[PDB]
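Reviewing the structure listed below.
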Amino acid sequence: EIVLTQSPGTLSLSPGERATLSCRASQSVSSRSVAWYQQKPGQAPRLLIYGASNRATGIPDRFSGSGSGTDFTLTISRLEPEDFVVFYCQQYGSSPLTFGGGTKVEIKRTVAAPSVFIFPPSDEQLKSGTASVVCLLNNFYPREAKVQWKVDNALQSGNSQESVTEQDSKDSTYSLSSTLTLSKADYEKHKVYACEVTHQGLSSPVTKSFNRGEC
Amino acid sequence: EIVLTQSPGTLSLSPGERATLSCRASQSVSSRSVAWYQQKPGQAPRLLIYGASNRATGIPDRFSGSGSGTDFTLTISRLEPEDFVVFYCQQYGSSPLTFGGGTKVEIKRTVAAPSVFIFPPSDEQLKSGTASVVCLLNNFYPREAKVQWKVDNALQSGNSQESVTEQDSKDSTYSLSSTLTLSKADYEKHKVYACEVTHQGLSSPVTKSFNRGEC
Amino acid sequence: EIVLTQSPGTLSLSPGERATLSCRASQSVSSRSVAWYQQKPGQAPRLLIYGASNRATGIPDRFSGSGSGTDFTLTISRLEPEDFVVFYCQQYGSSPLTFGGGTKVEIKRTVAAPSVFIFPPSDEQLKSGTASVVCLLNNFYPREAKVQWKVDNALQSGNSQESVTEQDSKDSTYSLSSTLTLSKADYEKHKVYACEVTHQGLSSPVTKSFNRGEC
Amino acid sequence: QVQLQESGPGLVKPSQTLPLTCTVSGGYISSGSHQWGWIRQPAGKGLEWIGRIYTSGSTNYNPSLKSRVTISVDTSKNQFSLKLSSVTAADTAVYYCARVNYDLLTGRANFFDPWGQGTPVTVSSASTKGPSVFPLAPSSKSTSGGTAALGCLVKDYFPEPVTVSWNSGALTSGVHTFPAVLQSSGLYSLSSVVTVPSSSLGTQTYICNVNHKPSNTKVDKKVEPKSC
Amino acid sequence: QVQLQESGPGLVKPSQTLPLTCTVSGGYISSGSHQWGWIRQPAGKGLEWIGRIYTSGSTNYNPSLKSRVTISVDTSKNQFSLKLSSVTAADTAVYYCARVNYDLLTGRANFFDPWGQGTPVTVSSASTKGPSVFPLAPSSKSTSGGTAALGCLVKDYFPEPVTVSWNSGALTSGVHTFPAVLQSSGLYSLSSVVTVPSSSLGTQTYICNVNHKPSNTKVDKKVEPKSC
Amino acid sequence: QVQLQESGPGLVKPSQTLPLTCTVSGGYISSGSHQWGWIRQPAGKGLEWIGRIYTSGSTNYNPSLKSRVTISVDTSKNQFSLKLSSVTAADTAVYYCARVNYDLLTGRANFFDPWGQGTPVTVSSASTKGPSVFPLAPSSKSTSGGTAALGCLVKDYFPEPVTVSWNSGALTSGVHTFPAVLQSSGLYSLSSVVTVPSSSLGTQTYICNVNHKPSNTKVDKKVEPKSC
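Chains as they are written, first to last, in our numbering: chain A, 20 to 234; chain B, 20 to 234; chain C, 20 to 234; chain D, 94 to 321; chain E, 94 to 321; chain F, 94 to 321.
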């Protein structure tokens with residue numbers, strides 16, 4: 020089977036410029052048999068190009084593709100607010116059918132730094148024997164960031180979950196959060212907790228922490 | 020074998036204007052079988068056009084070629100700073116494969132005149148039994164120029180070497196130099212030397228000379 | 020044989036407009052086998068289009084042709100000062116080869132009226148037994164005009180010649196002249212002569228005449 | 094124009110079969126030069142082919158799924174179905190039914206236009222359970238530059254979705270709803286946080302409206318700064 | 094590039110033959126996929142085909158000229174020739190030799206690129222004769238709005254051309270040279286008229302320089318207003 | 094993507110053989126529709142083909158080099174090699190290994206994309222030798238309009254290259270490095286001249302830094318106006 024690789028993993032641009040996507044095939048694709056799809060997050064995919072050069076009916080003329088052999092390209096003359104979505108490349112020159120990996124397109128923006136907030140666990144949850152600690156990152160960019168949980172200055176691994184919202188429609192910034200789950204016995208035993216953030220916009224890591232029981 | 024000829028030998032133009040290159044074949048080339056290569060000085064060549072009309076992947080759209088029979092053309096819509104370089108044409112319609120001669124493209128500029136400088140041979144070299152006399156031309160244009168060495172008003176032939184630097188990146192002017200090599204006996208015997216320059220910018224030839232031993 | 024007709028006989032426009040020429044065939048022409056030629060007055064013709072859609076090497080991109088069946092068109096995107104010359108259409112879909120009639124293109128200009136001058140015959144010509152009378156039209160437009168010779172108020176037919184210069188390069192106006200040739204006996208017998216001009220710019224015909232022997 | 098609509102359970106315990114049906118309108122399965130197939134898309138991953146079928150009854154399956162996949166066609170009702178056996182938690186995904194193009198000479202499957210609406214499927218043995226709302230009360234630790242943050246925590250609910258709104262939709266600015274995350278126990282959990290000015294903490298007592306259709310549970314919890 | 098050059102007498106009396114030769118440079122007649130033919134263009138008319146020839150020696154002629162036309166090829170000297178017999182005054186024209194394209198399958202003649210320079214031919218029995226310059230003196234009849242005209246009349250000359258200049262080329266503005274017109278007697282004649290201001294009539298005595306290469310005759314005549 | 098890298102001695106005395114090896118990465122020689130060949134480019138001239146090879150072991154060579162060239166393929170290591178015999182000073186060039194396209198029907202070599210990086214080769218019997226730096230001291234003959242010129246002369250060095258810098262790279266403006274020129278004796282030589290203001294001659298004593306990797310020779314010589 021032909022293995023299709025799509026790069027870059029993410030493509031960042033301002034509105035209005037030109038976007039070009041690459042789908043490279045592990046071996047020759049017969050008769051220029053490649054097609055491209057565009058999926059809005061939370062919606063069924065869509066057909067844009069078939070045969071690597073033909074445009075589907077009703078597709079805006081700003082979408083065009085070309086190529087042959089083991090390299091095919093999709094180019095957009097001018098981006099639109101609704102063109103920042105995932106894109107997939109398909110090959111059907113040799114069975115079985117295979118898809119690409121997906122190339123997300125995001126709105127580029129000036130670098131911004133996160134605002135680190137911390138929240139102690141609530142009493143009602145503690146009554147149930149479970150404790151949750153969450154450290155929040157708000158309006159940051161780029162998306163990439165790394166966070167770790169320290170208990171009594173001891174690194175925590177294998178017990179932290181991460182969640183990031185989709186790019187906002189107003190300021191085009193994400194919002195990350197790491198949740199720490201520890202049973203009641205573990206929470207009471209330890210006394211100090213802290214969340215650390217490492218991000219491009221921040222020259223040095225910024226630490227926010229709370230002390231258990233501190234009114 | 021089909022002999023390919025490329026003209027003009029050199030093409031001079033300002034940035035942004037249109038450049039057209041010609042590769043004429045001594046015999047019919049079957050199935051429009053010609054490709055064009057682009058080599059940066061001191062780098063491996065590059066493929067631009069194959070079949071005389073098809074553009075290779077990742078090549079800027081400003082490059083286009085066409086033709087049929089025995090007349091083929093490469094045209095650039097708008098020049099760029101990095102397009103003032105050598106170009107080659109190949110034919111592969113009938114074996115064996117053959118290349119062109121090369122068509123250098125240079126940045127055109129207002130005519131400038133050379134500044135002729137002279138340098139007597141150095142004493143340290145003189146101990147070794149060898150004497151070198153060099154007359155230097157700086158910041159002139161066009162490239163073509165002719166220089167001769169006269170010893171006691173006697174023309175020197177077969178013992179002069181010429182070297183020219185590549186077109187500069189700031190003022191786009193060349194710098195020629197002729198080196199005269201004569202053994203110890205020949206240098207001592209003669210007393211007067213001179214290097215003469217003829218160039219378009221100079222209304223009349225300009226002579227600079229030195230007298231041996233003149234402090 | 021297929022008979023080719025080209026209309027209009029003459030085509031007038033200002034520089035810069037779009038010019039379209041029609042070549043209609045009396046019979047179906049196989050495989051879109053029509054070609055176009057452009058001849059500068061007093062020069063060998065030139066090949067522009069072959070096959071009714073393909074452009075010859077080195078022809079400006081403003082020349083394009085199209086059509087099929089029994090109707091073919093040559094269209095110029097933007098006229099140029101040197102594009103006001105004759106154009107020929109050829110068909111080679113069925114032997115024997117045939118050409119068109121020719122469609123002259125002229126520079127359109129504001130209507131202007133002719134200036135009618137008259138010239139009595141010279142004595143030197145009279146000594147040889149021949150008399151010539153010429154009425155001159157200068158700097159007029161459009162080209163078409165009609166002139167007749169009257170002797171003693173008697174219309175002259177079968178003995179008048181007309182010559183017109185080519186469109187001028189400065190004011191783009193023609194200059195017509197009619198020459199009347201009559202032997203010595205005929206000239207002496209008659210006493211009154213006149214040349215009449217009918218032209219668009221003139222509301223009514225303008226007559227200039229001379230009386231024989233009137234100093 | 095041709096339209097397709099999926100239909101299925103949406104929640105299958107492990108080791109059963111997954112029956113899905115796609116109903117075609119605006120076109121006839123028998124009279125046409127198209128095949129009909131299924132695609133899926135696991136959460137946070139790319140599209141994966143499953144198989145196809147023709148009006149004649151001939152089918153083609155993904156080699157990695159040929160042993161479990163089974164597709165059938167019912168031209169009388171203008172439908173085609175899918176039967177995936179031995180389902181596992183790794184089979185959770187959104188399933189699509191499309192209209193497969195093909196080449197007349199060889200009959201192989203070309204591109205996949207048009208597509209269906211899609212239908213999520215979850216494969217887990219967990220039983221339905223309501224949420225446990227907890228308040229993320231604001232504090233000086235969460236206040237920076239005169240701006241404070243607060244949220245309402247949802248934990249131990251299953252299955253999706255959970256709709257969270259603030260002040261019955263009156264407050265919409267600054268509202269962030271974190272996507273749910275699977276836990277080791279097999280239960281989902283998410284946190285909703287909204288940023289509000291610090292000066293307004295002592296003026297408005299915000300409310301997190303939590304509703305859970307699968308369990309028909311509606312709970313409202315008030316968020317206020319901790320007395321400590 | 095390929096180039097073509099014609100060669101011929103240029104003046105043939107009626108009822109003889111018309112030999113013309115075209116010499117090819119920059120290309121070889123034998124080694125190529127082209128034929129070679131002739132075209133003409135009678136004065137004030139359109140192009141007319143004559144015939145072609147191939148390296149193998151096969152020829153095709155215009156049906157209306159098949160009886161008189163004869164074309165031959167000399168590959169050794171890289172030339173091809175034309176022989177038109179029973180020439181008549183209607184055969185006056187400008188003859189071109191071109192490179193005929195053709196289709197491989199059938200061998201018929203396609204379009205005609207490139208062309209030669211051309212060579213005029215005149216078919217008449219008239220003998221060489223010099224011109225008879227006469228002055229078209231200005232008069233009040235030829236003066237309008239302060240502007241006067243005058244010219245120098247040439248009559249009974251043969252063959253073409255005749256070069257007429259004013260003041261040895263010093264005066265060029267307003268100079269009109271009428272194309273020659275054939276007369277019933279078989280002799281050509283043309284008139285050159287130049288417009289000059291009326292006030293300058295009594296200041297400059299213009300000169301019409303008439304020169305005739307065929308007869309090696311050079312004549313100058315001065316034009317002044319008639320004393321009458 | 095596919096990449097190519099050459100490998101060879103770089104200095105061969107006359108009459109030996111020239112072994113070069115090209116290693117392919119990002120693609121497999123056996124599984125593909127491309128051939129692999131060699132090209133060269135002698136100093137100051139155009140590209141010249143040498144030969145090709147296929148995975149099957151079939152080769153094609155330039156007719157003018159068919160007697161001396163020998164090309165072999167080693168699919169196990171993903172490599173192909175070149176062997177040029179009876180090398181001569183005319184064989185000096187930069188050797189490239191490319192990926193040759195071909196047409197399926199006939200198997201002939203089409204265009205040459207992509208290319209390798211290249212590897213210079215010098216064919217001479219001269220032995221390694223260090224440079225002889227000499228100062229081109231400025232003088233009133235070399236001063237024009239208040240601007241003076243000076244340089245540092247390098248002679249009798251082999252092989253290339255020689256790096257010349259002024260003031261350890263501090264001075265870069267106005268620095269000209271003349272390309273080396275081969276001499277009759279077989280030794281290279283070049284001169285570097287930098288233009289500096291005349292008034293600055295009595296303020297700064299410039300330095301020409303010469304380094305010569307092949308002989309591991311590093312020499313520094315100071316340039317000052319001649320006392321004469």
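Ideal Cβ positions, reconstructed from N, Cα and C, are used throughout, including at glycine.
Three-state secondary structure (DSSP) of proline 112 of chain F:
Along the sixth sequence, one-based indexing puts residue 112 of chain F at 19. Strand at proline 112 of chain F.
Exposed or buried, which one is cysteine 321 of chain D when buried takes at least 16 other CB atoms within 10 Å?
On the fourth sequence, position 228 is the one that residue 321 of chain D refers to. By the neighbour-count rule (16 or more Cβ atoms within 10 Å), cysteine 321 of chain D is not buried but exposed.
Mind checking the stretch 172-194 of chain E against chain C and listing, in chain order, the residues whose C-beta falls within less than 7 Å of any C-beta there?
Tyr189
Going by the beta-carbon positions, is the gap between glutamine 219 of chain C and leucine 199 of chain C smaller than 8 Å?
Looking up residue 219 of chain C in the third sequence gives position 200. Looking up residue 199 of chain C in the third sequence gives position 180. Cβ distance not < 8 Å, so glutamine 219 of chain C and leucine 199 of chain C don't count as in contact.
Could you check the C-alpha separation between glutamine 210 of chain F and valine 193 of chain F for me, to the nearest Å?
Position 117 of the sixth sequence, counted from the first residue, corresponds to residue 210 of chain F. Position 100 of the sixth sequence, counted from the first residue, corresponds to residue 193 of chain F. Approximately 15 Å, taken between the alpha carbons.
Which residues share a DSSP beta bridge with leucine 156 of chain A?
Mapped onto the first sequence, residue 156 of chain A falls at position 137. Looking at the DSSP assignment, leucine 156 of chain A forms a beta bridge with A/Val135.
Identify which residue in E/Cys190, E/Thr185, E/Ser160 and E/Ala182 has its Cα closest to the Cα of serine 174 of chain E.
The count along the fifth sequence starts at 1 and reaches residue 174 of chain E at position 81. For the residues E/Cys190, E/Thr185, E/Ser160 and E/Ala182, the minimum Cα distance to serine 174 of chain E belongs to E/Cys190.
Using a C-beta to C-beta distance shorter than 8 Å, which residues of chain C count as neighbours of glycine 86 of chain B?
Within the second sequence, numbered from 1, the residue matching residue 86 of chain B stands at position 67. Per Cβ cutoff of 8 Å: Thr76.
State the Cα-Cα distance for the pair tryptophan 142 of chain D and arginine 74 of chain A, rounded to the nearest angstrom.
For this step, residue 142 of chain D is matched to residue 49 along the fourth sequence. For this step, residue 74 of chain A is matched to residue 55 along the first sequence. Looking at the two C-alpha atoms, the distance is approximately 23 Å.
Name, please, each residue of chain B whose Cβ falls closer than 7 Å to the Cβ of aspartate 80 of chain A.
Residue numbering aside, residue 80 of chain A sits at position 61 when the first sequence is read from its first letter. Neighbours of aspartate 80 of chain A on chain B: none; closest Cβ ~16 Å, over 7 Å.
Going along chain F, which residues have a C-beta under 7 Å from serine 114 of chain B?
The residue labelled residue 114 of chain B in the question sits at position 95 within the second sequence. Neighbourhood of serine 114 of chain B in chain F, by CB distance below 7 Å: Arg201, in chain order.
Beta-carbon gap between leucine 229 of chain D and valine 312 of chain D smaller than 8 Å:
Reading the fourth sequence from its first residue, position 136 is the one you call residue 229 of chain D. Reading the fourth sequence from its first residue, position 219 is the one you call residue 312 of chain D. Not closer than 8 Å, so no.
Below-8 Å beta-carbon distance, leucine 158 of chain D vs any chain A residue:
To locate residue 158 of chain D, count along the fourth sequence from 1; it is residue 65. Not one chain A Cβ lies under 8 Å of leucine 158 of chain D.
State the CB to CB distance for the pair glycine 88 of chain B and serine 47 of chain B, rounded to an integer number of angstroms; the pair is presumed to be in contact (CB under 8 Å).
The count along the second sequence starts at 1 and reaches residue 88 of chain B at position 69. The count along the second sequence starts at 1 and reaches residue 47 of chain B at position 28. Right, their Cβ atoms sit about 6 Å apart.
At least three beta-carbon pairs within less than 8 Å, the stretch 252-261 of chain E to the stretch 193-202 of chain E
no
Measuring CB to CB, does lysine 59 of chain B end up less than 8 Å from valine 124 of chain B?
On the second sequence, residue 59 of chain B is found 40 positions in, with the first residue counted as 1. On the second sequence, residue 124 of chain B is found 105 positions in, with the first residue counted as 1. Not closer than 8 Å, so no.
Looking at chain B, is there any beta carbon in it that lies within less than 8 Å of the beta carbon of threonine 288 of chain F?
For the purposes of this step, residue 288 of chain F is taken as the residue at position 195 of the sixth sequence. So yes, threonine 288 of chain F belongs to the interface.
Per DSSP, what kind of secondary structure is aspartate 171 of chain B in: helix, strand or coil?
Position 152 of the second sequence holds residue 171 of chain B. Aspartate 171 of chain B: coil per DSSP, three-state reduction.
If you measure from the beta carbon of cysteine 234 of chain B to each beta carbon in chain F, is any gap under 8 Å?
As a working mapping, residue 234 of chain B is identified with position 215 in the second sequence. Yes, its Cβ sits closer than 8 Å to a Cβ of chain F.
Under 8 Å, do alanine 241 of chain E and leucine 280 of chain E count as touching if we go by C-beta distance?
Counting from one through the fifth sequence, the residue named residue 241 of chain E turns up at place 148. Counting from one through the fifth sequence, the residue named residue 280 of chain E turns up at place 187. Going by C-beta atoms, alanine 241 of chain E is not nearer than 8 Å to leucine 280 of chain E.
Within-8 Å CB hit, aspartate 90 of chain A to chain B
Position 71 of the first sequence, counted from the start, is the residue given in the question as residue 90 of chain A. Chain B, which has a Cβ nearer than 8 Å to the Cβ of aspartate 90 of chain A, makes this yes.
Could you name the residues of the stretch 104-127 of chain E whose beta carbon sits closer than 7 Å to any beta carbon of chain C, in the order they occur along the chain?
none
Considering only their Cβ atoms, is the gap separating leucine 156 of chain C from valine 135 of chain C smaller than 8 Å?
As a working mapping, residue 135 of chain C is identified with position 116 in the third sequence. As a working mapping, residue 156 of chain C is identified with position 137 in the third sequence. At the C-beta level, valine 135 of chain C and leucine 156 of chain C come within 8 Å of one another.
Whose C-alpha, out of B/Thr94, B/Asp142 and B/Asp80, is nearest the C-alpha of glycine 86 of chain B?
The sequence position of residue 86 of chain B within the second sequence is 67, counting from 1. Out of B/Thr94, B/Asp142 and B/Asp80, B/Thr94 has the C-alpha closest to the C-alpha of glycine 86 of chain B.
DSSP state of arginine 74 of chain A mapped onto helix, strand, coil
Counting from 1 along the first sequence, the entry for residue 74 of chain A is found at position 55. Strand, per DSSP.
Secondary structure at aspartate 313 of chain D, three-state DSSP: helix, strand or coil?
In the fourth sequence, residue 313 of chain D corresponds to position 220, counting from 1. The three-state reading of DSSP puts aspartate 313 of chain D in strand, counting E and B together.
Chain D contacts from the stretch 142-161 of chain A (Cβ-Cβ distance under 8 Å):
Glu143, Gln144, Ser147, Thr149, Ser151, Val153, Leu155 and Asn157
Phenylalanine 229 of chain B at chain F interface by Cβ criterion, 8 Å
Here residue 229 of chain B corresponds to residue number 210 of the second sequence, with the count starting at 1. At least one chain F Cβ lies under 8 Å of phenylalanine 229 of chain B.
Considering only the beta carbon of each residue, do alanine 63 of chain A and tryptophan 208 of chain D sit closer than 8 Å?
Taking the first residue of the first sequence as 1, we reach residue 63 of chain A at position 44. Taking the first residue of the fourth sequence as 1, we reach residue 208 of chain D at position 115. Contact flag set, yes.
In the DSSP assignment, the beta strand (DSSP E) including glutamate 125 of chain C goes from what residue to what residue?
Working through the third sequence from its first residue, we reach residue 125 of chain C at position 106. Per DSSP, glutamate 125 of chain C belongs to the beta strand (DSSP E) from 123-126.
Using 8 Å as the limit for Cβ to Cβ distance, is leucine 229 of chain D near chain A?
Residue 229 of chain D sits at position 136 when you count from the first residue of the fourth sequence. Yes, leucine 229 of chain D counts as interfacial toward chain A.
Give a yes or no on whether 8 Å exceeds the smallest Cβ distance from residue 259 of chain C to chain E.
Since the first residue shown for chain C is 20 and the last is 234, residue 259 of chain C is missing from the structure and cannot be characterised.
Hey, how far is the Cα of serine 165 of chain E from the Cα of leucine 113 of chain F?
Translated into positions along the fifth sequence, residue 165 of chain E becomes position 72. Translated into positions along the sixth sequence, residue 113 of chain F becomes position 20. Computed Cα separation, rounded: 59 Å.
What residue does the alpha helix (DSSP H) around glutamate 143 of chain B start on, and which one ends it?
Counting from 1 along the second sequence, the entry for residue 143 of chain B is found at position 124. Segment 142-146, the alpha helix (DSSP H) holding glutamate 143 of chain B.
Contact defined as beta carbons within less than 8 Å: I believe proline 140 of chain C pairs with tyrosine 56 of chain C. What is the distance between those atoms, to the nearest angstrom?
Your numbering for residue 140 of chain C matches position 121 in the third sequence. Your numbering for residue 56 of chain C matches position 37 in the third sequence. The pair is not a contact, with the Cβ atoms about 44 Å apart (cut-off 8 Å).
In the DSSP output, which residue or residues are listed as bridge partners for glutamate 141 of chain E?
Sequence index remark: in the fifth sequence, residue 141 of chain E carries index 48 (1-based). Answer is E/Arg133.
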